[PDB]
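Quick look at data_19.pdb (PDB, C-alpha atoms (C1' of nucleotides)):
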ATOM      1  CA  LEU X1081     -81.793 -31.985  -7.764  1.00  0.00           C
ATOM      2  CA  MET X1082     -80.283 -30.600 -10.951  1.00  0.00           C
ATOM      3  CA  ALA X1083     -78.458 -33.892 -11.571  1.00  0.00           C
ATOM      4  CA  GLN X1084     -80.281 -37.198 -11.824  1.00  0.00           C
ATOM      5  CA  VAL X1085     -79.128 -39.957  -9.496  1.00  0.00           C
ATOM      6  CA  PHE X1086     -78.102 -43.518 -10.278  1.00  0.00           C
ATOM      7  CA  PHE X1087     -80.410 -45.557  -8.109  1.00  0.00           C
ATOM      8  CA  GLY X1088     -81.078 -49.224  -7.435  1.00  0.00           C
ATOM      9  CA  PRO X1089     -80.549 -52.199  -5.137  1.00  0.00           C
ATOM     10  CA  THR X1090     -77.135 -53.741  -4.595  1.00  0.00           C
ATOM     11  CA  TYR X1091     -75.931 -56.592  -2.396  1.00  0.00           C
ATOM     12  CA  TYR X1092     -73.841 -55.315   0.515  1.00  0.00           C
ATOM     13  CA  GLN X1093     -72.164 -57.285   3.278  1.00  0.00           C
ATOM     14  CA  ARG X1094     -71.165 -56.248   6.793  1.00  0.00           C
ATOM     15  CA  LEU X1095     -67.544 -56.915   7.678  1.00  0.00           C
ATOM     16  CA  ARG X1096     -66.225 -58.010  11.062  1.00  0.00           C
ATOM     17  CA  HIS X1097     -64.262 -54.798  11.678  1.00  0.00           C
ATOM     18  CA  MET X1098     -66.350 -52.515  13.885  1.00  0.00           C
ATOM     19  CA  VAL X1099     -65.104 -49.341  15.523  1.00  0.00           C
ATOM     20  CA  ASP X1100     -66.189 -50.367  19.021  1.00  0.00           C
ATOM     21  CA  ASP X1101     -63.783 -53.315  18.783  1.00  0.00           C
ATOM     22  CA  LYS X1102     -60.904 -51.000  17.827  1.00  0.00           C
ATOM     23  CA  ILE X1103     -61.289 -47.835  19.924  1.00  0.00           C
ATOM     24  CA  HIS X1104     -58.703 -47.703  22.692  1.00  0.00           C
ATOM     25  CA  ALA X1105     -57.271 -45.074  25.028  1.00  0.00           C
ATOM     26  CA  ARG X1106     -54.805 -45.165  27.895  1.00  0.00           C
ATOM     27  CA  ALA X1107     -53.723 -42.650  30.520  1.00  0.00           C
ATOM     28  CA  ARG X1108     -51.862 -44.945  32.925  1.00  0.00           C
ATOM     29  CA  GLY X1109     -51.994 -48.632  33.698  1.00  0.00           C
ATOM     30  CA  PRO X1110     -50.092 -51.903  33.875  1.00  0.00           C
ATOM     31  CA  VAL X1111     -46.440 -52.013  32.848  1.00  0.00           C
ATOM     32  CA  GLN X1112     -44.075 -54.840  31.999  1.00  0.00           C
ATOM     33  CA  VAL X1113     -42.033 -56.270  34.850  1.00  0.00           C
ATOM     34  CA  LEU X1114     -38.724 -56.372  32.966  1.00  0.00           C
ATOM     35  CA  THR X1115     -38.749 -52.941  31.315  1.00  0.00           C
ATOM     36  CA  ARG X1116     -41.441 -51.034  33.268  1.00  0.00           C
ATOM     37  CA  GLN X1117     -42.984 -49.776  30.026  1.00  0.00           C
ATOM     38  CA  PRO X1118     -46.678 -49.982  29.105  1.00  0.00           C
ATOM     39  CA  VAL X1119     -47.868 -53.462  28.172  1.00  0.00           C
ATOM     40  CA  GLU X1120     -48.871 -54.398  24.624  1.00  0.00           C
ATOM     41  CA  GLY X1121     -52.471 -54.903  23.589  1.00  0.00           C
ATOM     42  CA  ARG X1122     -55.863 -53.229  23.643  1.00  0.00           C
ATOM     43  CA  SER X1123     -57.289 -56.121  25.665  1.00  0.00           C
ATOM     44  CA  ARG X1124     -54.620 -55.632  28.350  1.00  0.00           C
ATOM     45  CA  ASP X1125     -55.037 -51.832  28.556  1.00  0.00           C
ATOM     46  CA  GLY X1126     -51.700 -51.454  26.817  1.00  0.00           C
ATOM     47  CA  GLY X1127     -49.968 -48.452  25.343  1.00  0.00           C
ATOM     48  CA  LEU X1128     -49.196 -47.318  21.822  1.00  0.00           C
ATOM     49  CA  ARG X1129     -45.748 -47.575  20.292  1.00  0.00           C
TER
ATOM     50  CA  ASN V 226      -5.802 -48.002  27.785  1.00  0.00           C
ATOM     51  CA  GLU V 227      -3.900 -48.517  31.026  1.00  0.00           C
ATOM     52  CA  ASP V 228      -6.632 -47.011  33.203  1.00  0.00           C
ATOM     53  CA  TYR V 229      -9.770 -48.382  31.566  1.00  0.00           C
ATOM     54  CA  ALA V 230      -9.116 -51.258  29.127  1.00  0.00           C
ATOM     55  CA  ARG V 231      -6.204 -53.418  30.213  1.00  0.00           C
ATOM     56  CA  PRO V 232      -5.525 -56.396  27.906  1.00  0.00           C
ATOM     57  CA  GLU V 233      -5.567 -59.093  30.590  1.00  0.00           C
ATOM     58  CA  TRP V 234      -9.094 -58.067  31.600  1.00  0.00           C
ATOM     59  CA  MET V 235     -10.330 -59.777  28.421  1.00  0.00           C
ATOM     60  CA  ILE V 236      -9.987 -63.103  30.285  1.00  0.00           C
ATOM     61  CA  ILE V 237     -12.744 -63.752  32.819  1.00  0.00           C
ATOM     62  CA  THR V 238     -11.527 -64.735  36.283  1.00  0.00           C
ATOM     63  CA  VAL V 239     -14.483 -63.454  38.327  1.00  0.00           C
ATOM     64  CA  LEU V 240     -18.013 -63.274  36.938  1.00  0.00           C
ATOM     65  CA  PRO V 241     -20.507 -60.543  37.906  1.00  0.00           C
ATOM     66  CA  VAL V 242     -23.942 -61.908  38.822  1.00  0.00           C
ATOM     67  CA  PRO V 243     -26.720 -59.509  37.746  1.00  0.00           C
ATOM     68  CA  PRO V 244     -29.512 -58.685  40.196  1.00  0.00           C
ATOM     69  CA  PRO V 245     -32.950 -60.307  39.849  1.00  0.00           C
ATOM     70  CA  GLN V 246     -34.213 -57.112  38.196  1.00  0.00           C
ATOM     71  CA  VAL V 247     -32.253 -58.156  35.108  1.00  0.00           C
ATOM     72  CA  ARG V 248     -33.600 -61.739  35.175  1.00  0.00           C
ATOM     73  CA  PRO V 249     -37.092 -61.564  36.675  1.00  0.00           C
ATOM     74  CA  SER V 250     -39.113 -64.692  37.332  1.00  0.00           C
ATOM     75  CA  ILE V 251     -42.561 -65.228  35.827  1.00  0.00           C
ATOM     76  CA  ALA V 252     -45.555 -66.975  37.394  1.00  0.00           C
ATOM     77  CA  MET V 253     -46.627 -69.431  34.695  1.00  0.00           C
ATOM     78  CA  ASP V 254     -49.777 -70.382  36.617  1.00  0.00           C
ATOM     79  CA  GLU V 255     -51.362 -69.647  39.986  1.00  0.00           C
ATOM     80  CA  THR V 256     -48.920 -71.956  41.817  1.00  0.00           C
ATOM     81  CA  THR V 257     -45.707 -72.616  39.852  1.00  0.00           C
ATOM     82  CA  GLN V 258     -43.405 -69.758  38.871  1.00  0.00           C
ATOM     83  CA  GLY V 259     -40.777 -70.021  36.165  1.00  0.00           C
ATOM     84  CA  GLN V 260     -37.077 -69.307  36.541  1.00  0.00           C
ATOM     85  CA  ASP V 261     -35.610 -67.075  33.861  1.00  0.00           C
ATOM     86  CA  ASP V 262     -33.179 -68.327  31.232  1.00  0.00           C
ATOM     87  CA  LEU V 263     -30.312 -66.321  32.718  1.00  0.00           C
ATOM     88  CA  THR V 264     -31.007 -67.827  36.141  1.00  0.00           C
ATOM     89  CA  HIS V 265     -30.774 -71.362  34.757  1.00  0.00           C
ATOM     90  CA  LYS V 266     -27.597 -70.528  32.843  1.00  0.00           C
ATOM     91  CA  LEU V 267     -26.011 -69.049  35.966  1.00  0.00           C
ATOM     92  CA  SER V 268     -27.000 -72.176  37.898  1.00  0.00           C
ATOM     93  CA  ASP V 269     -25.295 -74.311  35.247  1.00  0.00           C
ATOM     94  CA  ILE V 270     -22.174 -72.138  35.367  1.00  0.00           C
ATOM     95  CA  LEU V 271     -22.037 -72.352  39.159  1.00  0.00           C
ATOM     96  CA  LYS V 272     -22.502 -76.138  39.082  1.00  0.00           C
ATOM     97  CA  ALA V 273     -19.618 -76.420  36.630  1.00  0.00           C
ATOM     98  CA  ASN V 274     -17.485 -74.222  38.890  1.00  0.00           C
ATOM     99  CA  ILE V 275     -18.284 -76.433  41.883  1.00  0.00           C
ATOM    100  CA  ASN V 276     -17.468 -79.516  39.813  1.00  0.00           C
ATOM    101  CA  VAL V 277     -14.081 -78.118  38.781  1.00  0.00           C
ATOM    102  CA  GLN V 278     -13.225 -77.166  42.363  1.00  0.00           C
ATOM    103  CA  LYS V 279     -14.220 -80.604  43.666  1.00  0.00           C
ATOM    104  CA  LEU V 280     -12.306 -82.456  40.949  1.00  0.00           C
ATOM    105  CA  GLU V 281      -9.146 -80.390  41.386  1.00  0.00           C
ATOM    106  CA  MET V 282      -8.632 -81.081  45.094  1.00  0.00           C
TER
ATOM    107  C1'   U M   1     -73.386 -49.313  64.937  1.00  0.00           C
ATOM    108  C1'   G M   2     -71.750 -53.420  61.372  1.00  0.00           C
ATOM    109  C1'   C M   3     -68.778 -51.296  57.663  1.00  0.00           C
ATOM    110  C1'   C M   4     -65.346 -51.856  51.067  1.00  0.00           C
ATOM    111  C1'   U M   5     -60.688 -54.880  47.210  1.00  0.00           C
ATOM    112  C1'   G M   6     -57.331 -52.889  42.778  1.00  0.00           C
ATOM    113  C1'   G M   7     -53.402 -57.098  41.348  1.00  0.00           C
ATOM    114  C1'   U M   8     -52.035 -59.719  36.466  1.00  0.00           C
ATOM    115  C1'   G M   9     -47.616 -64.653  32.949  1.00  0.00           C
ATOM    116  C1'   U M  10     -44.286 -65.497  29.451  1.00  0.00           C
ATOM    117  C1'   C M  11     -42.561 -67.696  25.076  1.00  0.00           C
ATOM    118  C1'   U M  12     -43.699 -69.454  20.332  1.00  0.00           C
ATOM    119  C1'   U M  13     -47.034 -69.880  16.260  1.00  0.00           C
ATOM    120  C1'   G M  14     -51.016 -68.851  13.108  1.00  0.00           C
ATOM    121  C1'   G M  15     -54.602 -66.012  10.824  1.00  0.00           C
ATOM    122  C1'   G M  16     -55.921 -61.154   9.810  1.00  0.00           C
ATOM    123  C1'   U M  17     -56.323 -55.310   9.232  1.00  0.00           C
ATOM    124  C1'   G M  18     -54.198 -50.230   6.977  1.00  0.00           C
ATOM    125  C1'   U M  19     -50.493 -48.448   3.795  1.00  0.00           C
TER
END
As a first step, turn the structure in this file into structure tokens.
Amino acid sequence: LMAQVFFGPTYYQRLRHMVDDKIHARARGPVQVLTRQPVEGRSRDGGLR
Amino acid sequence: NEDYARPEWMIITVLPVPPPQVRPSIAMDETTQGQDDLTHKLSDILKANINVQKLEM
RNA sequence: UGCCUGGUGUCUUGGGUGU
């Protein structure tokens, strides 16, 4: 490489936010009883606002 | 407006009772379901109406 | 001939995430 590279060990930490705990998709599913709109929440297979 | 908004209609003499779709009940657990707030308020209103009718006669 | 199942509270509160 034409440019030299800064290089060495550094202390890194893994945070709790992982993509597989955030990915969510919905085509159709449960709806609220009062308004008949998609429910809220990824855990409940909800929709996006 | 004579046809649509008559002044004496601002005093309630008959109350419309909404269908259960407006005040749905919720099953709190597997056995006991919960009455909605509007249902309880309508029950209180109807009890007061019955009380007035009974007292008057 | 022994023949297969979709149906998911609510209200508060707290702590967080990206701007």
Exercise for review: On this file, the PyMOL selection byres ((chain V) within 10 of (chain X)) gives some set of residues; write that set as number ranges by chain.
Suggested key: V: 245-251
For the selection you just gave me, I'd like the residues written to a file as a PDB file, in the coordinates of the input, keeping C-alpha atoms.
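Once written, result-v5.pdb looks like this:
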ATOM      1  CA  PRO V 245     -32.950 -60.307  39.849  1.00  0.00           C
ATOM      2  CA  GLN V 246     -34.213 -57.112  38.196  1.00  0.00           C
ATOM      3  CA  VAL V 247     -32.253 -58.156  35.108  1.00  0.00           C
ATOM      4  CA  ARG V 248     -33.600 -61.739  35.175  1.00  0.00           C
ATOM      5  CA  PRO V 249     -37.092 -61.564  36.675  1.00  0.00           C
ATOM      6  CA  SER V 250     -39.113 -64.692  37.332  1.00  0.00           C
ATOM      7  CA  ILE V 251     -42.561 -65.228  35.827  1.00  0.00           C
TER       8      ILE V 251
END
Review point. When the PyMOL selection byres ((chain X) within 10 of (chain M)) is applied to the file above, which residues end up in the set, as a ChimeraX atom specification?
Key: /X:1097,1110,1124
Practice item. List, as a list in words, every residue that the PyMOL selection byres ((chain X and resi 1101-1104) around 10) selects in the file provided. Key: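 Selected by the PyMOL selection byres ((chain X and resi 1101-1104) around 10) here: residues 1096, 1097, 1098, 1099, 1100, 1105, 1106, 1121, 1122, 1123, 1125, 1126, 1127 and 1128 of chain X.
From CA of residue 280 in chain V back to CA of residue 262 in chain V, the distance works out to 27.0 Å.
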Exercise for review: Just give me the gap between CA of residue 267 in chain V and CA of residue 230 in chain V in Å, one decimal is fine.
Suggested key: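 Interatomic distance, CA of residue 267 in chain V to CA of residue 230 in chain V: 25.5 Å.
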Practice item. Take CA of residue 235 in chain V and CA of residue 276 in chain V and report the distance between them in Å, one decimal. Key: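 About the pair CA of residue 235 in chain V and CA of residue 276 in chain V: they are 23.9 Å apart.
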Exercise for review: Taking all atoms listed in the file into account, report as a list in words which residues of chain V lie within 9 Å of chain M.
Suggested key: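 Only these qualify: residues 251, 252, 253, 254, 258 and 259 of chain V.
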Would you compute the box with edges along x, y and z of the file around range 2-19 of chain M, including every atom the file lists for it and 8 Å extra on each side, and give its centre and edge lengths in Å to one decimal, as JSON?
{"center_x": -57.2, "center_y": -59.2, "center_z": 32.6, "size_x": 45.2, "size_y": 37.4, "size_z": 73.6}
Practice item. Starting from the point (-15.1, -69.1, 34.5), work out which residues of protein, DNA or RNA have an atom no more than 9 Å away when counting only C-alpha atoms (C1' of nucleotides); state them as a ChimeraX atom specification. Key: /V:236-240,270-271,273-274
Could you get me a file of chain V with C-alpha atoms, as a PDB file, in the first residue's frame, taken from the block above?
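Heads up, here's the output in part.pdb:
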ATOM      1  CA  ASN V 226     -80.299  26.631  11.740  1.00  0.00           C
ATOM      2  CA  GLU V 227     -83.958  25.634  11.803  1.00  0.00           C
ATOM      3  CA  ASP V 228     -83.392  22.357   9.955  1.00  0.00           C
ATOM      4  CA  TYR V 229     -80.147  21.144  11.506  1.00  0.00           C
ATOM      5  CA  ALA V 230     -79.179  22.989  14.717  1.00  0.00           C
ATOM      6  CA  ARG V 231     -82.206  24.026  16.737  1.00  0.00           C
ATOM      7  CA  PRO V 232     -81.358  25.784  20.029  1.00  0.00           C
ATOM      8  CA  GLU V 233     -83.448  23.563  22.304  1.00  0.00           C
ATOM      9  CA  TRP V 234     -81.548  20.491  21.091  1.00  0.00           C
ATOM     10  CA  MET V 235     -78.612  21.660  23.229  1.00  0.00           C
ATOM     11  CA  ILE V 236     -80.464  20.213  26.251  1.00  0.00           C
ATOM     12  CA  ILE V 237     -80.329  16.422  26.484  1.00  0.00           C
ATOM     13  CA  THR V 238     -83.700  14.734  26.967  1.00  0.00           C
ATOM     14  CA  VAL V 239     -82.903  11.366  25.358  1.00  0.00           C
ATOM     15  CA  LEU V 240     -79.409   9.881  25.333  1.00  0.00           C
ATOM     16  CA  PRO V 241     -78.057   7.760  22.454  1.00  0.00           C
ATOM     17  CA  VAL V 242     -76.379   4.546  23.621  1.00  0.00           C
ATOM     18  CA  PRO V 243     -73.431   3.622  21.365  1.00  0.00           C
ATOM     19  CA  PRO V 244     -73.077   0.034  20.152  1.00  0.00           C
ATOM     20  CA  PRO V 245     -70.540  -2.324  21.758  1.00  0.00           C
ATOM     21  CA  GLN V 246     -68.194  -1.687  18.821  1.00  0.00           C
ATOM     22  CA  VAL V 247     -67.533   1.740  20.334  1.00  0.00           C
ATOM     23  CA  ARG V 248     -66.953   0.338  23.849  1.00  0.00           C
ATOM     24  CA  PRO V 249     -65.499  -3.150  23.405  1.00  0.00           C
ATOM     25  CA  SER V 250     -64.810  -5.389  26.375  1.00  0.00           C
ATOM     26  CA  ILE V 251     -61.358  -6.817  27.075  1.00  0.00           C
ATOM     27  CA  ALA V 252     -60.483 -10.220  28.532  1.00  0.00           C
ATOM     28  CA  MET V 253     -58.067  -9.359  31.340  1.00  0.00           C
ATOM     29  CA  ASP V 254     -57.255 -13.030  31.954  1.00  0.00           C
ATOM     30  CA  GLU V 255     -58.408 -16.426  30.712  1.00  0.00           C
ATOM     31  CA  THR V 256     -61.634 -16.258  32.763  1.00  0.00           C
ATOM     32  CA  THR V 257     -62.611 -12.696  33.749  1.00  0.00           C
ATOM     33  CA  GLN V 258     -63.299 -10.063  31.099  1.00  0.00           C
ATOM     34  CA  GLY V 259     -63.306  -6.346  31.793  1.00  0.00           C
ATOM     35  CA  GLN V 260     -66.134  -3.928  31.084  1.00  0.00           C
ATOM     36  CA  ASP V 261     -65.102  -0.761  29.289  1.00  0.00           C
ATOM     37  CA  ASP V 262     -65.115   2.651  30.947  1.00  0.00           C
ATOM     38  CA  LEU V 263     -68.004   3.851  28.787  1.00  0.00           C
ATOM     39  CA  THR V 264     -70.035   0.788  29.766  1.00  0.00           C
ATOM     40  CA  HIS V 265     -69.563   1.521  33.468  1.00  0.00           C
ATOM     41  CA  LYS V 266     -70.411   5.193  32.969  1.00  0.00           C
ATOM     42  CA  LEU V 267     -73.578   4.284  31.073  1.00  0.00           C
ATOM     43  CA  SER V 268     -74.512   1.876  33.869  1.00  0.00           C
ATOM     44  CA  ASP V 269     -74.074   4.692  36.393  1.00  0.00           C
ATOM     45  CA  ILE V 270     -76.176   7.049  34.270  1.00  0.00           C
ATOM     46  CA  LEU V 271     -78.936   4.458  33.930  1.00  0.00           C
ATOM     47  CA  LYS V 272     -78.902   3.754  37.679  1.00  0.00           C
ATOM     48  CA  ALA V 273     -79.271   7.472  38.358  1.00  0.00           C
ATOM     49  CA  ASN V 274     -82.159   7.634  35.884  1.00  0.00           C
ATOM     50  CA  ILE V 275     -83.881   4.719  37.622  1.00  0.00           C
ATOM     51  CA  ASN V 276     -83.305   6.395  40.987  1.00  0.00           C
ATOM     52  CA  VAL V 277     -84.864   9.660  39.803  1.00  0.00           C
ATOM     53  CA  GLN V 278     -87.882   7.855  38.350  1.00  0.00           C
ATOM     54  CA  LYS V 279     -88.400   5.849  41.547  1.00  0.00           C
ATOM     55  CA  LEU V 280     -88.040   8.890  43.803  1.00  0.00           C
ATOM     56  CA  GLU V 281     -90.400  11.041  41.741  1.00  0.00           C
ATOM     57  CA  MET V 282     -93.413   8.719  41.890  1.00  0.00           C
TER      58      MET V 282
END
